[PDB]
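Here's the structure, in structure tokens; my notes come after.
Residue numbers (the deposited numbering): 1 to 118.
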């Protein structure tokens with residue numbers, strides 16, 4: 001078939017990809033996608049997922065909260081994705097991704113929504 005096209009100047013930021021707000025439904029599984037330009041960073045960045053207040057996600061390696069981080073050899077980009085299972089209205093709201101390096105420091109903010117049943 002046929003398709004369109006696009007074009008723009010590379011982003012002047014370390015966060016090659018920002019976690020766009022994802023609207024999920026209660027009882028469903030949420031998933032966020034984000035990337036980080038390591039090259040631009042002096043040292044290995046620190047990926048940490050926070051929830052509204054000064055909370056702390058990913059307590060143990062065996063909870064609904066899953067984390068997928070992959071590092072490319074040629075690309076050199078860290079692709080992190082936050083997956084949440086059995087989402088509830090108590091989870092919906094806003095989040096914040098902290099990322100600090102040797103000297104470089106940057107953080108992005110996303111918002112999730114949990115649609116309730118009829």
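By construction, the Cβ of each residue, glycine as well, lies at the ideal position given by its N, Cα and C atoms.
Margin query: For a test of your reading of the model: does the CB of residue 23 fall under 8 Å from any non-hydrogen atom of the ligand SAH? Yes or no.
Written below: In the structure on display, the ligand SAH does not appear, and there are no ligands present to speak of.
Checklist line | Of the listed residues 77, 20 and 88, nearest to residue 64 (C-alpha basis) | finding: 88
Margin query: I'd like the list of long-range same chain contacts for residue 45, defined as Cβ closer than 6 Å, with 5 residues on each side in sequence excluded.
Written below: 36, 99 and 101
Next item on the list: Would you grab the beta carbon distance between residue 16 and residue 80 for me? Rounded to a whole angstrom, and I think it's under 8 Å.
Entry: Wrong, their Cβ atoms sit about 11 Å apart, outside the cutoff.
Note to self: For the beta strand (DSSP E) containing residue 113, name the first residue and the last one.
What the structure shows: 113 to 115
Margin query: Among 13, 92, 25 and 12, whose alpha-carbon lies nearest the alpha-carbon of residue 118?
Written below: 25
Check: Candidates 68, 32, 21 and 105: which alpha carbon is nearest residue 43's?
Finding: 105
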